[PDB]
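>>> To kick things off, part of the complex as it is:
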Amino acid sequence: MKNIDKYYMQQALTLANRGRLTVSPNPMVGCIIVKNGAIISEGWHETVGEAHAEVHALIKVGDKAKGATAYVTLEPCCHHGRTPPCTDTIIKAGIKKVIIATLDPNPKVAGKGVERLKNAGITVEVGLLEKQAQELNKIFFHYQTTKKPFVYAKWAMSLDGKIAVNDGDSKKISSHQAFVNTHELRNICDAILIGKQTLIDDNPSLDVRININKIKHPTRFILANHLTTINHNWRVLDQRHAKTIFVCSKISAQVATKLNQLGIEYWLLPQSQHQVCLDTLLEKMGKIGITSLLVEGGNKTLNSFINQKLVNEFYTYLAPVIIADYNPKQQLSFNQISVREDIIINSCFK
Amino acid sequence: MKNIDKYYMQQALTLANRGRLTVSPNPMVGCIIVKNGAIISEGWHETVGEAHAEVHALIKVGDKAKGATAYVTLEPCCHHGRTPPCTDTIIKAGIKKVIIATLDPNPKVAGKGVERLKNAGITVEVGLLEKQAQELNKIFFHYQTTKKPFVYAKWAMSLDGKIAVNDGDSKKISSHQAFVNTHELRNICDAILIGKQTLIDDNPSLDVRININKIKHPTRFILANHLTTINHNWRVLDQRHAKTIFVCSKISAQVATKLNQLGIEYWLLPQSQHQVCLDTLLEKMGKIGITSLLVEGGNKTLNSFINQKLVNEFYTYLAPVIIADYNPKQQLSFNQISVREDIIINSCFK
């Protein structure tokens, strides 16, 4: 074999990807300790608050790593005083060579761990499979470089371009795979955002209702230009599972007193372009702790977010359904789907 | 080999499909003549008014077909004016056995060519691969059983569900493959239908602009609830290639005189459901000679045709663009499309 370092780094990125659904707001970090050509360690960051990848990799091996080589997909943290730094564990273990894929995205921290390792004579190489390791951590890299959340836009539409259905309809335009994808994106994201109209129409609960090892309910954001009416039967007022925050520009005194009694925190922001200031809202969410944001439903909310170019990735759930003046929507059946530059779709039923 | 009759009927169906584009309003018919286990004749119906499939097959073999077997997709015509009766040609040529896939779709004609053939002692078998031969001829079978045209609905839409671009853009939401498919559907169909608003906004010429063997320009129908304005710069007023018919419920006297001077024929129909009577229009189309109808463009016209259950098949051209409150379109790029019960699409170029 001639590309051994690339092989070990690719295995490290696979281990890092193993923690896809449960690591936010911490990044994806994998680690491999190789001595005498044999891999004797494995580690990956799996849950927030637990041991880091380097510590989880080096505790199990004891002190047999003396003189080994470390493949770590991210720069080890040194300035972080919450836990003993991974550089200290690496130095006490006795690693001679450390190979790092990417530097830390934060400019004030970037290069500190490399220098701290190189004080002790450890050999440091940075830049192996850098693009793949930056694409793996797109959410964290974007949040650290911009201090604004990563935005997901996801909605479902019929074959003729209608999102909502007529009154009395079953309100199902998605299959089971769309359900699974939606709840996985809910588990990944740190927040969930809807509109006031969606809340008063659908009355949704924004939790996770499928099987994940660690269920992580996102923070609920309710966007409303004017707050005048508060309903007792709203399901978002239950604070048992997650937290609900009302974003507003003009709030009534009675509504404010009712929210203060209910314990719901409201945010007052200026008005811009027929909406609240979305840039200020993104800055505030970045400052308070949310890393990635998910926008679901509502033509007004989706159009407002699209018009300001704040969306980073899209998701569309297109069903074989025709939405018209029909009280019940009429199902269809696809015949030919030819996927190319532009999708060409043929439907036979109805 | 055990299913030889099915093999010969499949070959006949392939020859029938060889004339897909240039046969309307005539049907799609193939023909095989087999003697001593060897296929010595081949025929298919191409062009309106030319030689029939049986005549085309049996004119090359003047006298070698005596005692042969005929595999013919459709029941041979007996008294129809498309061609001299093919049953007479079969009888004179000396065919011993005739195998027919389907009977003639017209109840007034079905079962008479079979009786004429069986008068002369010819063995007739009807019902081999009947379902495939009825699906191949869906347009003609529908037109003959219903006396109403077969109708296609075709439109292009963006990822957010918008059909028309904002005022000032290039008005292109389709690729070259969509162009080819659109012009092939134009060549197949016997008519083209748009709305008044679409013609006002776009000023389209509904001809065929691709390189195919025989150009068959569809008949143009312009739907307008109220006719008050006639523009001299319209491209549809040129009658050199095809014919234009205006459908309306109320027409001004000056407009009527101008149309009479220009030679344009107008149809006066009653009003029903905020439109002209579409059922009466379909009946008149069937009576005058159109077999296939094509509806393109216009949210009003498409919505009128869709919710009234007229449409038989659909065609949708979905492009990766975003059309919302901007003069230029925000071009996207798909990343992965998973086709299932409902299409799930992902894209990030915005």
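Done, it's in. Residues are numbered from 1 along each chain as shown, chains lettered A, B, ... in the order given.

>>> Outline the domain layout of chain A.
Chain A resolves into domains spanning A:4-137, A:147-347 when parsed by automatic domain parsing.

>>> These: which one's closest to chain B?
Nearest to chain B among the domains of chain A is domain A:147-347 (2.6 Å), distances taken as CB to the nearest CB. C-beta here means a position set from N, CA and C on the backbone, and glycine is covered the same way.

>>> re earlier: want to throw the domains of chain A into CSV with mean neighbour count?
What follows is those, written out as CSV (neighbours: other CB atoms under 10 Å in any protein chain shown):
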stretch, mean neighbour count
domain A:4-137, 18
domain A:147-347, 17
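
>>> Dump these into JSON lines; add distance to residue B:209 as well.
Below are these laid out as JSON lines (distance: least, CB to CB, whole Å):
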{"stretch": "domain A:4-137", "distance to residue B:209": "43"}
{"stretch": "domain A:147-347", "distance to residue B:209": "19"}
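
>>> Could you dump those into TSV with distance to chain B added?
What follows is the domains of chain A, written out as TSV (distance: least, CB to the nearest CB, whole Å):
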stretch	distance to chain B
domain A:4-137	11
domain A:147-347	3
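
>>> Report the contact partners of the nearest residue to residue A:196 once chain neighbours are set aside.
Excluding the flanking residues, the one nearest residue A:196 by CB to CB, 6 or more residues apart in numbering or on different chains is residue A:224, at 4.0 Å. Shown in contact with residue A:224 (CB atoms under 8 Å, 6 or more residues apart in numbering or on different chains): A:195-196, A:246-248.

>>> From residue A:197, how far out is residue A:224?
Distance, residue A:224 to residue A:197, using CB to CB, to the nearest Å: 9 Å.

>>> Repeat that for residue A:272.
Relative to residue A:197, residue A:272 is positioned 20 Å away (CB to CB).

>>> do residue A:336 as well
The gap separating residue A:336 from residue A:197 is 37 Å, by CB to CB.

>>> Check which element follows the strand or helix carrying residue A:89 along the chain.
Per DSSP states H and E: residue A:89 is located in helix A:86-93. Later in the chain than helix A:86-93, the nearest helix or strand by DSSP H and E is strand A:97-100.

>>> As chain C, please add this:
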Amino acid sequence: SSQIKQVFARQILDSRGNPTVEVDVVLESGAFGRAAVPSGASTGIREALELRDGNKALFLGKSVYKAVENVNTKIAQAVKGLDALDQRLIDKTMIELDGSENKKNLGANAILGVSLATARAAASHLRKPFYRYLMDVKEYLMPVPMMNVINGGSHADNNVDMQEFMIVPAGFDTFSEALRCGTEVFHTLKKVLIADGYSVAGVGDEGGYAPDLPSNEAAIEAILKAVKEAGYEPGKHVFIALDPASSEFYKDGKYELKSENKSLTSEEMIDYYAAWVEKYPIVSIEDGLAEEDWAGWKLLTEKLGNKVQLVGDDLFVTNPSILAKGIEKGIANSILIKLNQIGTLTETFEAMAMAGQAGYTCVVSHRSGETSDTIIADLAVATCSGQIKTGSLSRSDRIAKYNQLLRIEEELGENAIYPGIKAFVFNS
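If we add chain C to the chains shown above, we get the following:
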């Protein structure tokens, strides 16, 4: 869209270490098909012609650069843009472009590769199996395998004047038990040939042994002994198929059996065959007489046509015209079908359809220089022919066909029928 977008060719090697042509066809919708051409005859008078460079500095004299270049220029600019679902149009387009009766100008290998690759691409476009694309019915018949076990005259120097001796496991209800019977009988035959002091050093081209047997009677007795010693009863479970190919030892109107040192006319030769017919459970005689001796063929079909199956390979060379002449003269009882002997799929279908309507049985055949492609298994399943000749159980180019047949018979589990002994339509 199913229009042809790209056609490409390559010079690859076949199972004998000789170059052959491989063709890839890609449609506009992205459907991909790949076909390799088994090696055939490069000269003759009544067969489709194969084109080779004739350059000594190249492989030996046999490289297929001219055929590949002919594809890549002429056939690629001829068949580009045609509908891949119309096999007849493409085949007759290539026939008209070549402009010769024996396909001399472009070679039969190029045309056959293009046609097979186009068929595979069309089948992949419709998302259907190849056997279901060729013929779409409900009930399918699994072929009865004839398995070569002994090779004689031309294949070895072992003074056996007859070419091939074969075993037919026709006494079972499924193809899996038939394949198990073939495997066990092959292994027991190896053990028996070892126990008798015969050298079994190596394997032949078709996967069969070539021992230094003294006579044909010894070969048949050894085969029957292997059947008995493998746990099966001869005449009820395993029958024997023959392949003399008497064109080799036919000179001046004399059938010369060098093993017994005899010269026989036609009539005594059919008498010898009949003595074998009620001597052994033998039901097949392929090329039992010469291809120029049609009177003897007629007499053989007269007085042995209702007792065994008469197969003609050099007699009809998969040619519709010669087969039609044989039908009108009433000669033979079956036909052996090879794809590259005619050069196109549609002509093969025409020949087998004529054989089916004449009352003959069709046997799909393999060749000496084979590839990893398994066209003939799907071909034998699709057309419901109850017989196949795809070699022995010793090599991957002979085992891939049986593996494909196993996958087919488990994919069609309810609708697969194995016609054990009823597949031989020679009596009543």
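
>>> What helices and strands are in contact with the helix holding residue A:89?
Judged by 3 or more CB pairs under 8 Å, 6 or more residues apart in numbering or on different chains; DSSP states H and E, helix A:86-93 is in contact with helix A:53-58, helix A:112-119.

>>> helix, strand or coil for the nearest residue to residue A:129 once chain neighbours are set aside?
Distances taken as CB to CB, 6+ apart put residue A:9 closest to residue A:129, at 4.6 Å, once the chain neighbours are dropped. Applying DSSP: H, G, I helix; E, B strand; the rest coil to residue A:9 yields a three-state assignment of helix.

>>> residue contacts, residue A:9?
With CB under 8 Å, 6+ apart, residue A:9 has these contacts: A:71, A:73, A:99, A:101, A:128-129.

>>> Now do the helix holding residue A:89 against helix A:112-119, angle only.
Compare the direction of helix A:86-93 with that of helix A:112-119 by axes from the mean of the first three to the mean of the last three CA atoms, to 10 degrees and you get 20 degrees.

>>> send the alpha carbons of helix A:86-93 over as CSV?
What follows is helix A:86-93 as a C-alpha-only set of coordinates in CSV (Å, rounded to 0.1, in the frame of the first residue of the first chain):
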residue,chain,number,x,y,z
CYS,A,86,-6.6,16.7,24.9
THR,A,87,-3.1,18.0,24.2
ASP,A,88,-2.2,17.2,27.8
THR,A,89,-3.5,13.7,27.4
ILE,A,90,-1.6,13.3,24.1
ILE,A,91,1.6,14.5,25.8
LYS,A,92,1.3,12.3,28.9
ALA,A,93,0.4,9.3,26.7
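
>>> so how far is it from its chain's centroid?
Centroid displacement of helix A:86-93 relative to its chain, using CA atoms, centre = their mean, to the nearest Å, is 30 Å.

>>> again with stretch A:1-8
With CA atoms, centre = their mean, you get 31 Å for stretch A:1-8.

>>> Output that stretch as PDB - backbone C-alpha positions only.
C-alpha atoms of stretch A:1-8 as PDB (Å, rounded to 0.1, in the frame of the first residue of the first chain):
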ATOM      1  CA  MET A   1       0.000   0.000   0.000                       C
ATOM      2  CA  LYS A   2       1.200   3.500  -0.900                       C
ATOM      3  CA  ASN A   3      -1.400   5.900   0.600                       C
ATOM      4  CA  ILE A   4      -1.500   4.600   4.200                       C
ATOM      5  CA  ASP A   5      -1.900   8.000   5.800                       C
ATOM      6  CA  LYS A   6      -4.900   8.700   3.600                       C
ATOM      7  CA  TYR A   7      -6.400   5.400   4.500                       C
ATOM      8  CA  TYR A   8      -6.100   6.000   8.300                       C
END
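
>>> tack on chain D:
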Amino acid sequence: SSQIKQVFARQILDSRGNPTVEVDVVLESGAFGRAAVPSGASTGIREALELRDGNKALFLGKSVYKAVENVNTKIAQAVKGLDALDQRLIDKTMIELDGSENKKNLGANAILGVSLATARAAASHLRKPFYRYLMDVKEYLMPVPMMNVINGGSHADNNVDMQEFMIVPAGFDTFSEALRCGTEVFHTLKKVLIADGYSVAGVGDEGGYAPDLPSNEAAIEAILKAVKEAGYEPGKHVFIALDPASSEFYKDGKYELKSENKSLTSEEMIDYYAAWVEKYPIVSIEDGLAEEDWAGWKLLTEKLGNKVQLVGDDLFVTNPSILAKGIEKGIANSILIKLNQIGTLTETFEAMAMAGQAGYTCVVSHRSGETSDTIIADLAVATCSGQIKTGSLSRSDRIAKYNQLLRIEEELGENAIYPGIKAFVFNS
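Placed with the earlier chains, chain D looks like this:
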């Protein structure tokens, strides 16, 4: 989604007419992967064991129904729902489920088939070639093939103590000229062995001839004169590779050369090998000494490690532990890699990475019971260790690998390079 949806297994036949396990894996997105397991050893103490029924009423005793059932129940309900792009997860899951160091409970064939099928399904899901899925780099090295031309004592009755003689066409700029040279030399070797009045009719399991040669010197001289008769110069275009497998004729510490009727110790055996080394253009000695005689192995690496390449197959049995012991003791300078001997892909990668960092060269190998799967060609291209041992030019289970290599060489036209003589890292 790339999660595993269905895992199925079936009993097919390999290239030697023996049952083997073939596994299909289908993901949630519809990606499909297929893998066949070449036959290996079913007993021992060093390698991973293969599970067979041992039923005499079945094939011989070699039915693999228990392995298929173990797959379909245990492995199917164990690995269902796991992400197919994490090969380590599935591999360690099967290792933990089996619970033995030699994979006795489930058999190595089942586990290897599941792992290879999962890898192929994951590669098909990403729409990548399999060698690009294994290693995604820009520049690739095409392997230098070793072609088994002569077989010896264990594979035939030859009165030859040596086992295998191979030709290495290492004096060319591309893989196409190397393959042409191998083919031409094979044909000229057949003609030469015919001219000297030797028994050539037949072919071995690996496609190589097994003539009744009198001595090893005669075999090497015949190979050299076949090289110089085909238009190529020995020592500049074609070198010689050896394979004694000296475990066969080792008894009580003595190497018994029965062809010359000699009993040699170790040091004189290395002296004989050295006499051959500067006697002929021989650069390979695979298993030149026994696997129990490690002192002689250290002596051989000391006095011949800088003149030829010493390969170990029975010495290291594709085991990371034994390889690590050999590295720390300093024995040999190459390793022969077989997938069947360890049972998973990740352990194979670990062994070759260990060999690469130790300074050794890796040779991807084949087995006797080969199938139609051509995974070792993609494996040899992907890891950029250019040397391969995939048999000679005489049958499809050995020709499919070379055809795959030709396709890879044409689809990587700018970025595939052939290390002709630089691939033997034994000097400087």
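
>>> just to revisit the earlier point, what's the helix holding residue A:89 in contact with?
A:52-55, A:58, A:61, A:63, A:65-66, A:68, A:70, A:76-78, A:98, A:113, A:116-117, A:120, A:122.

>>> got it, and stretch A:262-279?
For stretch A:262-279, contacts defined as CB under 8 Å, 6+ apart pick out A:223, A:225, A:227, A:237, A:239, A:243-249, A:251, A:256, A:259, A:280-281, A:284, A:304-305, A:307-308, A:310.

>>> mind listing the helices in the stretch 51-200 of chain A by residue range?
Using DSSP state H, counting those that start in this stretch, the helices of the stretch 51-200 of chain A run over A:53-58, A:86-93, A:112-119, A:130-136, A:138-146, A:176-188, A:196-202.

>>> my bad, should have said chain C
In chain C, the segments counted as helices under DSSP state H are C:65-70, C:76-79, C:87-98, C:108-125, C:130-134, C:175-195, C:216-229, C:266-277, C:294-304, C:320-329, C:345-358, C:375-382, C:396-411.

>>> Which parts of the third one count as buried, going by neighbours?
If you call a residue buried by 16 or more other CB atoms under 10 Å in any protein chain shown, then helix C:87-98 has these buried ones: C:87-91, C:93-95, C:98.

>>> starting at the chain centroid, how far to stretch A:13-32?
Offset of stretch A:13-32 from its chain centre (CA atoms, centre = their mean): 13 Å.

>>> How about the residues of chain C by chain D?
C:10, C:12-17, C:22, C:58-60, C:156-157, C:179-180, C:183-184, C:186-187, C:201-204, C:210, C:370-372, C:393-397, C:399-400, C:402-403, C:406-407, C:410 (CB under 8 Å from any CB of the partner chain).

>>> Of these, just the buried ones, ChimeraX syntax please.
Here is the ChimeraX command that selects the buried residues among the residues of chain C next to chain D (16+ other CB under 10 Å):
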select /C:10,12,13,14,15,16,17,22,58,59,60,156,179,180,183,184,186,187,201,202,203,204,210,370,371,372,393,394,395,396,397,399,400,402,403,406,407
